[PDB]
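Q: This structure is in structure tokens; I'll ask about it shortly.
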Amino acid sequence: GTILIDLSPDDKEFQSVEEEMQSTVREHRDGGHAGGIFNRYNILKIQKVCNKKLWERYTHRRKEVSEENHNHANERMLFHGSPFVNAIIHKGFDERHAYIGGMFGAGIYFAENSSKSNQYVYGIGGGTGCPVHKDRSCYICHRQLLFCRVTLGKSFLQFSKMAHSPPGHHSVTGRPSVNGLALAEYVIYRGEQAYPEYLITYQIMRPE
Ligand SMILES: COc1ccc(C(=O)Nc2ccc(C(=O)N(c3ccncn3)c3ccccc3Cl)cc2)cc1
Ligand SMILES: [Zn+2]
């Protein structure tokens, strides 16, 4: 029961998501190893993901989380990148597919920087790159990110094995560093604690 609502470029909702996409790009200090070399995206399409069951699941959990955290959900709009985007918009996030060796264990990973989530689109460390060219900096193939509604509740701050949130907490927040560049990473351990609200189709742009 997922319906995709194709948003017009003149729509403020489209523009808002587009600006969040572009403004949160950072210069990773890994030469573009994982996600490619770029300053900007070519934004092709933004679709609103409408699924009534997934949404009700999300808000049911958000209530429970809110009650356990002094009537605060600590809800954020965050990026997700992975190879499972098309499954996710249909069936929701699912922590049973999470990877056990993740830095913060077996959860579902989000970012406030679009360009960090772009590093996971093709797998962890960007896997083997795009399917067609095996190129992690591919400028041709179109990528997809989710801009999602995420319930963090009481988030546990963790350094850079773990299966669930620590006792009394509903999420983990990390700030891992790659070369003096530390960026935020948010991790939930329940699929219902995020709703994949917008599907963004895009390319990374070749700089001049
Ligand atoms: C068939 O139905 C399905 C519906 C939803 C999912 C789903 O939520 N997949 C998913 C769950 C967690 C992540 C996730 O955060 N990560 C995974 C996990 C496994 N493989 C690659 N990345 C992850 C782990 C560490 C760092 C970054 C990421 Cl994106 C990425 C994708 C999977 C299947
Ligand atoms: Zn390619």
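Just remember, in the structure tokens the first chain shown is A, the second B, etc., residues are 1-based per chain, and ligands are 1-based in the order shown.
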Ligand 1: which residues are within 9 Å, counting only C-alpha atoms and all ligand atoms? Reply as a PyMOL selection string.

A: chain A and resi 80-110+117+119-125+127+185+187-189+191

Q: Could those selected residues go to a file with N, CA and C atoms, as a short mmCIF file (atom, residue, chain, number, x, y, z; two decimals), in the first residue's frame?

A:
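Ended up saving to part36.cif:
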data_model
loop_
_atom_site.label_atom_id
_atom_site.label_comp_id
_atom_site.auth_asym_id
_atom_site.auth_seq_id
_atom_site.Cartn_x
_atom_site.Cartn_y
_atom_site.Cartn_z
N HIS A 80 18.85 8.55 5.00
CA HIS A 80 19.33 7.15 4.95
C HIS A 80 19.80 6.74 3.56
N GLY A 81 20.99 6.15 3.46
CA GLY A 81 21.42 5.51 2.22
C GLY A 81 21.73 4.04 2.41
N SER A 82 21.19 3.19 1.53
CA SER A 82 21.63 1.77 1.49
C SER A 82 21.14 1.07 0.24
N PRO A 83 21.62 -0.16 0.01
CA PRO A 83 21.04 -0.87 -1.13
C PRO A 83 19.61 -1.33 -1.00
N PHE A 84 18.93 -1.08 0.13
CA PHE A 84 17.60 -1.63 0.37
C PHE A 84 16.49 -0.66 0.27
N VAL A 85 16.78 0.50 -0.30
CA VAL A 85 15.79 1.56 -0.41
C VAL A 85 14.46 1.13 -1.03
N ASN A 86 14.48 0.35 -2.09
CA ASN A 86 13.21 -0.03 -2.70
C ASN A 86 12.43 -1.01 -1.80
N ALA A 87 13.10 -1.86 -1.05
CA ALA A 87 12.37 -2.69 -0.08
C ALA A 87 11.80 -1.84 1.06
N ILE A 88 12.62 -0.90 1.54
CA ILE A 88 12.24 -0.04 2.66
C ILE A 88 10.98 0.75 2.39
N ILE A 89 10.82 1.36 1.20
CA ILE A 89 9.60 2.20 0.95
C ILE A 89 8.33 1.39 0.88
N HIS A 90 8.50 0.12 0.57
CA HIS A 90 7.40 -0.84 0.53
C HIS A 90 7.10 -1.52 1.85
N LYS A 91 8.13 -1.97 2.56
CA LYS A 91 7.94 -2.76 3.78
C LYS A 91 8.40 -2.11 5.11
N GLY A 92 9.06 -0.95 5.04
CA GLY A 92 9.47 -0.22 6.21
C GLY A 92 10.88 -0.59 6.52
N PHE A 93 11.54 0.16 7.41
CA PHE A 93 12.84 -0.30 7.87
C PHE A 93 12.73 -1.62 8.67
N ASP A 94 13.74 -2.47 8.63
CA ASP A 94 13.65 -3.77 9.31
C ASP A 94 14.97 -4.09 9.88
N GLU A 95 15.03 -4.06 11.21
CA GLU A 95 16.30 -4.22 11.95
C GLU A 95 16.82 -5.64 11.91
N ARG A 96 15.97 -6.60 11.53
CA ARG A 96 16.44 -7.99 11.25
C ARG A 96 17.42 -8.07 10.07
N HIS A 97 17.42 -7.06 9.18
CA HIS A 97 18.44 -7.04 8.14
C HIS A 97 19.74 -6.25 8.51
N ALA A 98 19.83 -5.75 9.74
CA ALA A 98 20.97 -4.93 10.16
C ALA A 98 22.24 -5.78 10.26
N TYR A 99 23.38 -5.11 10.09
CA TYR A 99 24.68 -5.75 10.11
C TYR A 99 25.24 -5.69 11.52
N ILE A 100 25.72 -6.84 11.97
CA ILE A 100 26.17 -7.05 13.35
C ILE A 100 27.51 -6.35 13.64
N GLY A 101 28.43 -6.38 12.69
CA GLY A 101 29.69 -5.63 12.76
C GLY A 101 29.65 -4.11 12.56
N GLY A 102 28.48 -3.49 12.37
CA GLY A 102 28.41 -2.01 12.36
C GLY A 102 29.14 -1.39 13.57
N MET A 103 29.72 -0.20 13.37
CA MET A 103 30.41 0.57 14.47
C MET A 103 29.58 0.69 15.75
N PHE A 104 28.28 0.84 15.60
CA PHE A 104 27.34 0.95 16.68
C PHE A 104 26.40 -0.26 16.68
N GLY A 105 26.92 -1.38 16.21
CA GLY A 105 26.18 -2.63 16.20
C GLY A 105 25.02 -2.68 15.24
N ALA A 106 24.06 -3.57 15.54
CA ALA A 106 23.03 -4.01 14.61
C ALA A 106 21.78 -3.14 14.66
N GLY A 107 21.95 -1.95 14.10
CA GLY A 107 20.88 -1.06 13.91
C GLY A 107 20.88 -0.50 12.50
N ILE A 108 20.02 0.51 12.37
CA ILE A 108 19.70 1.17 11.15
C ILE A 108 20.24 2.61 11.29
N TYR A 109 21.11 3.00 10.35
CA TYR A 109 22.04 4.15 10.44
C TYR A 109 21.50 5.31 9.61
N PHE A 110 21.56 6.51 10.19
CA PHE A 110 21.05 7.74 9.58
C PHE A 110 22.12 8.82 9.72
N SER A 117 25.40 9.95 4.02
CA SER A 117 24.51 8.84 3.70
C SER A 117 24.78 8.37 2.31
N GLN A 119 27.62 7.96 1.11
CA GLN A 119 28.65 6.93 1.30
C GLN A 119 28.15 5.46 1.50
N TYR A 120 26.87 5.26 1.82
CA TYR A 120 26.33 3.92 2.06
C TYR A 120 25.40 3.40 0.96
N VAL A 121 25.03 4.25 0.00
CA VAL A 121 24.06 3.90 -1.05
C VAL A 121 24.31 2.52 -1.68
N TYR A 122 25.59 2.26 -1.94
CA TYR A 122 26.02 0.99 -2.56
C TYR A 122 26.57 -0.06 -1.54
N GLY A 123 26.25 0.07 -0.26
CA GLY A 123 26.81 -0.82 0.75
C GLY A 123 27.72 -0.05 1.64
N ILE A 124 28.20 -0.74 2.67
CA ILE A 124 29.05 -0.13 3.68
C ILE A 124 30.39 0.17 3.02
N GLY A 125 30.95 1.33 3.31
CA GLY A 125 32.13 1.82 2.58
C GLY A 125 31.82 2.04 1.09
N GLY A 127 30.48 -0.13 -0.81
CA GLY A 127 30.61 -1.42 -1.44
C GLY A 127 31.58 -1.42 -2.62
N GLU A 185 26.23 10.62 13.39
CA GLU A 185 25.67 9.34 12.91
C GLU A 185 24.68 8.97 13.97
N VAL A 187 21.64 6.08 15.16
CA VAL A 187 21.37 4.65 14.98
C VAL A 187 20.20 4.26 15.85
N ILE A 188 19.17 3.67 15.23
CA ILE A 188 17.99 3.12 15.96
C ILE A 188 18.08 1.58 15.83
N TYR A 189 17.47 0.87 16.77
CA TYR A 189 17.52 -0.60 16.79
C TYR A 189 16.14 -1.22 16.61
N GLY A 191 12.85 -0.95 13.62
CA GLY A 191 12.44 -0.49 12.29
C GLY A 191 11.31 0.54 12.33
#

Q: Residues up to 6 Å from ligand 2, counting only C-alpha atoms and all ligand atoms: could you list those as a ChimeraX atom specification?

A: /A:130,132-133,135,138,140-141

Q: With distances taken over only C-alpha atoms, which residue among A:22, A:201, A:51, A:42 lies nearest residue A:2?

A: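 Ranking A:22, A:201, A:51, A:42 by distance to residue A:2, first place goes to A:51.
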
Q: Tell me which of A:61, A:78, A:33, A:199 sits closest to residue A:144, counting only C-alpha atoms.

A: A:199

Q: Just the residues within 7 Å of residue A:155, please, counting only C-alpha atoms, with nothing from its chain fewer than 5 positions along; format it as an mmCIF file with N, CA and C atoms, in the first residue's frame.

A:
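Dumped to around-v1.cif:
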data_model
loop_
_atom_site.group_PDB
_atom_site.id
_atom_site.type_symbol
_atom_site.label_atom_id
_atom_site.label_comp_id
_atom_site.auth_asym_id
_atom_site.auth_seq_id
_atom_site.Cartn_x
_atom_site.Cartn_y
_atom_site.Cartn_z
ATOM 1 N N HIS A 169 17.497 4.102 27.056
ATOM 2 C CA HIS A 169 17.658 4.891 25.841
ATOM 3 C C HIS A 169 16.969 4.231 24.666
ATOM 4 N N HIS A 170 16.739 5.043 23.633
ATOM 5 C CA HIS A 170 15.984 4.664 22.446
ATOM 6 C C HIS A 170 16.802 4.749 21.152
ATOM 7 N N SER A 171 18.054 5.221 21.232
ATOM 8 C CA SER A 171 18.924 5.387 20.053
ATOM 9 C C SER A 171 20.335 5.657 20.518
ATOM 10 N N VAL A 172 21.271 5.533 19.571
ATOM 11 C CA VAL A 172 22.676 5.854 19.755
ATOM 12 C C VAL A 172 23.027 7.041 18.814
ATOM 13 N N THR A 173 23.870 7.956 19.316
ATOM 14 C CA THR A 173 24.419 9.057 18.530
ATOM 15 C C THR A 173 25.929 8.965 18.607
#

Q: Residues of stretch 57-168 of chain A that have any atom at most 12 Å from an atom of stretch 12-17 of chain A: could you tabulate them with the shortest-distance atom pair and the distance in Å to one decimal, using only C-alpha atoms, ordered by chain and increasing number, as JSON lines?

A:
{"residue": "A:77", "atom": "CA", "partner": "A:17", "partner_atom": "CA", "distance": 9.9}
{"residue": "A:78", "atom": "CA", "partner": "A:17", "partner_atom": "CA", "distance": 10.7}
{"residue": "A:79", "atom": "CA", "partner": "A:17", "partner_atom": "CA", "distance": 10.5}
{"residue": "A:114", "atom": "CA", "partner": "A:17", "partner_atom": "CA", "distance": 10.6}
{"residue": "A:145", "atom": "CA", "partner": "A:17", "partner_atom": "CA", "distance": 11.3}
{"residue": "A:146", "atom": "CA", "partner": "A:17", "partner_atom": "CA", "distance": 10.4}
{"residue": "A:147", "atom": "CA", "partner": "A:17", "partner_atom": "CA", "distance": 7.8}
{"residue": "A:148", "atom": "CA", "partner": "A:17", "partner_atom": "CA", "distance": 10.6}

Q: I need the chosen residues saved as a PDB file, in the first residue's frame, with N, CA, C and O atoms.

A:
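Result file follows (selection12.pdb):
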ATOM      1  N   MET A  77      14.467  14.896  11.122  1.00  0.00           N
ATOM      2  CA  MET A  77      14.481  14.567   9.697  1.00  0.00           C
ATOM      3  C   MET A  77      15.908  14.227   9.300  1.00  0.00           C
ATOM      4  O   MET A  77      16.793  15.072   9.428  1.00  0.00           O
ATOM      5  N   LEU A  78      16.144  12.979   8.861  1.00  0.00           N
ATOM      6  CA  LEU A  78      17.530  12.462   8.618  1.00  0.00           C
ATOM      7  C   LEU A  78      17.612  11.650   7.342  1.00  0.00           C
ATOM      8  O   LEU A  78      16.598  11.075   6.910  1.00  0.00           O
ATOM      9  N   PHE A  79      18.832  11.581   6.780  1.00  0.00           N
ATOM     10  CA  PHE A  79      19.061  10.864   5.574  1.00  0.00           C
ATOM     11  C   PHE A  79      19.356   9.411   5.875  1.00  0.00           C
ATOM     12  O   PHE A  79      20.030   9.074   6.859  1.00  0.00           O
ATOM     13  N   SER A 114      23.562  14.695   4.033  1.00  0.00           N
ATOM     14  CA  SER A 114      23.296  13.932   2.809  1.00  0.00           C
ATOM     15  C   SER A 114      24.513  13.228   2.265  1.00  0.00           C
ATOM     16  O   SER A 114      24.426  12.095   1.854  1.00  0.00           O
ATOM     17  N   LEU A 145      18.381   8.228  -2.120  1.00  0.00           N
ATOM     18  CA  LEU A 145      18.453   8.387  -0.650  1.00  0.00           C
ATOM     19  C   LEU A 145      17.047   8.505  -0.139  1.00  0.00           C
ATOM     20  O   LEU A 145      16.160   8.953  -0.885  1.00  0.00           O
ATOM     21  N   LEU A 146      16.877   8.185   1.145  1.00  0.00           N
ATOM     22  CA  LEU A 146      15.628   8.496   1.865  1.00  0.00           C
ATOM     23  C   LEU A 146      15.850   9.680   2.795  1.00  0.00           C
ATOM     24  O   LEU A 146      16.869   9.774   3.417  1.00  0.00           O
ATOM     25  N   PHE A 147      14.918  10.609   2.843  1.00  0.00           N
ATOM     26  CA  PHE A 147      14.938  11.638   3.853  1.00  0.00           C
ATOM     27  C   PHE A 147      13.785  11.244   4.758  1.00  0.00           C
ATOM     28  O   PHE A 147      12.633  11.273   4.331  1.00  0.00           O
ATOM     29  N   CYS A 148      14.125  10.838   5.985  1.00  0.00           N
ATOM     30  CA  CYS A 148      13.196  10.110   6.855  1.00  0.00           C
ATOM     31  C   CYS A 148      12.878  10.798   8.134  1.00  0.00           C
ATOM     32  O   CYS A 148      13.722  11.488   8.731  1.00  0.00           O
TER      33      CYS A 148
END

Q: Which neighbours of residue A:195 fall inside 7 Å, counting only C-alpha atoms, when residues of the same chain fewer than 3 positions from it are skipped, and could you give them as a list in words?

A: residues 54, 55, 58, 148, 149 and 150 of chain A

Q: Write out as a PyMOL selection string the set of residues from stretch 4-171 of chain A that DSSP, computed on the backbone, places in strand (DSSP E).

A: chain A and resi 4-6+41-50+75-80+108-110+143-151+155-157+171

Q: Okay, now the selection with N, CA and C atoms, as a short mmCIF file (atom, residue, chain, number, x, y, z; two decimals), in the first residue's frame?

A:
data_model
loop_
_atom_site.label_atom_id
_atom_site.label_comp_id
_atom_site.auth_asym_id
_atom_site.auth_seq_id
_atom_site.Cartn_x
_atom_site.Cartn_y
_atom_site.Cartn_z
N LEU A 4 3.63 6.59 -4.28
CA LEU A 4 4.66 7.61 -4.46
C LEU A 4 4.04 8.81 -5.13
N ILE A 5 4.20 9.96 -4.51
CA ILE A 5 3.60 11.20 -4.97
C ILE A 5 4.77 11.98 -5.51
N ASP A 6 4.79 12.12 -6.83
CA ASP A 6 5.87 12.77 -7.53
C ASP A 6 5.72 14.28 -7.28
N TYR A 41 24.75 17.88 -5.96
CA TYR A 41 24.05 16.82 -6.66
C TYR A 41 23.32 17.42 -7.84
N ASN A 42 22.98 16.54 -8.79
CA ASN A 42 21.90 16.76 -9.77
C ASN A 42 20.61 16.10 -9.25
N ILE A 43 19.68 16.88 -8.76
CA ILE A 43 18.47 16.34 -8.17
C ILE A 43 17.38 16.06 -9.23
N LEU A 44 17.06 14.78 -9.43
CA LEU A 44 16.25 14.40 -10.54
C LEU A 44 14.82 14.31 -10.19
N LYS A 45 14.51 13.88 -8.96
CA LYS A 45 13.15 13.54 -8.60
C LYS A 45 13.02 13.44 -7.07
N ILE A 46 11.96 14.00 -6.52
CA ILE A 46 11.66 13.84 -5.09
C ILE A 46 10.22 13.36 -5.02
N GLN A 47 10.02 12.21 -4.38
CA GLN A 47 8.70 11.63 -4.24
C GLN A 47 8.35 11.50 -2.74
N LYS A 48 7.14 11.84 -2.39
CA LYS A 48 6.62 11.64 -1.04
C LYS A 48 6.10 10.21 -0.95
N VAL A 49 6.60 9.45 0.03
CA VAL A 49 6.24 8.08 0.29
C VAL A 49 5.03 8.11 1.23
N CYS A 50 3.91 7.61 0.74
CA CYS A 50 2.66 7.58 1.47
C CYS A 50 2.26 6.08 1.68
N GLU A 75 12.27 13.80 17.69
CA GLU A 75 12.12 13.51 16.28
C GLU A 75 13.00 14.40 15.41
N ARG A 76 13.77 13.76 14.53
CA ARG A 76 14.58 14.41 13.50
C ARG A 76 14.26 13.96 12.06
N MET A 77 14.47 14.90 11.12
CA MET A 77 14.48 14.57 9.70
C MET A 77 15.91 14.23 9.30
N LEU A 78 16.14 12.98 8.86
CA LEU A 78 17.53 12.46 8.62
C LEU A 78 17.61 11.65 7.34
N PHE A 79 18.83 11.58 6.78
CA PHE A 79 19.06 10.86 5.57
C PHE A 79 19.36 9.41 5.87
N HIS A 80 18.85 8.55 5.00
CA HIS A 80 19.33 7.15 4.95
C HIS A 80 19.80 6.74 3.56
N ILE A 108 20.02 0.51 12.37
CA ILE A 108 19.70 1.17 11.15
C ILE A 108 20.24 2.61 11.29
N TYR A 109 21.11 3.00 10.35
CA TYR A 109 22.04 4.15 10.44
C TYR A 109 21.50 5.31 9.61
N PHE A 110 21.56 6.51 10.19
CA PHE A 110 21.05 7.74 9.58
C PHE A 110 22.12 8.82 9.72
N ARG A 143 21.31 7.48 -8.23
CA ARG A 143 21.29 6.97 -6.84
C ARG A 143 19.96 7.31 -6.22
N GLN A 144 19.67 6.69 -5.07
CA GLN A 144 18.51 7.05 -4.30
C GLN A 144 18.87 7.18 -2.79
N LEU A 145 18.38 8.23 -2.12
CA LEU A 145 18.45 8.39 -0.65
C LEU A 145 17.05 8.50 -0.14
N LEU A 146 16.88 8.18 1.15
CA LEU A 146 15.63 8.50 1.86
C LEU A 146 15.85 9.68 2.79
N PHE A 147 14.92 10.61 2.84
CA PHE A 147 14.94 11.64 3.85
C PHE A 147 13.78 11.24 4.76
N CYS A 148 14.13 10.84 5.99
CA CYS A 148 13.20 10.11 6.85
C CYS A 148 12.88 10.80 8.13
N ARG A 149 11.69 10.52 8.61
CA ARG A 149 11.30 10.95 9.94
C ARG A 149 11.74 9.94 10.97
N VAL A 150 12.64 10.36 11.88
CA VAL A 150 13.28 9.45 12.83
C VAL A 150 13.03 9.85 14.31
N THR A 151 12.51 8.89 15.11
CA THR A 151 12.34 9.05 16.57
C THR A 151 13.62 8.64 17.29
N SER A 155 18.79 9.58 23.47
CA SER A 155 19.81 9.01 22.61
C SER A 155 21.01 8.90 23.47
N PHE A 156 21.76 7.81 23.31
CA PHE A 156 22.94 7.51 24.07
C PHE A 156 24.12 7.94 23.22
N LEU A 157 25.07 8.65 23.83
CA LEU A 157 26.20 9.18 23.10
C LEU A 157 27.25 8.15 23.25
N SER A 171 18.05 5.22 21.23
CA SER A 171 18.92 5.39 20.05
C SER A 171 20.34 5.66 20.52
#

Q: For residue A:23, which residue among A:179, A:137, A:69, A:115 is the nearest when counting only C-alpha atoms?

A: A:115

Q: What is the atom CA of residue A:134-atom CA of residue A:180 distance in Å, reported with one decimal?

A: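 Going from atom CA of residue A:134 over to atom CA of residue A:180 covers 28.3 Å.
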
Q: Counting only C-alpha atoms, which of A:204, A:73, A:37, A:7 gets nearest to residue A:139?

A: A:204

Q: Tell me, in Å to one decimal, how far atom CA of residue A:198 is from atom CA of residue A:10.

A: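 One can read the atom CA of residue A:198 to atom CA of residue A:10 distance as 16.1 Å.
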
Q: Calculated over only C-alpha atoms, which of the candidates A:176, A:31, A:9, A:36 has the smallest distance to residue A:159?

A: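 The closest residue to residue A:159 is A:176.
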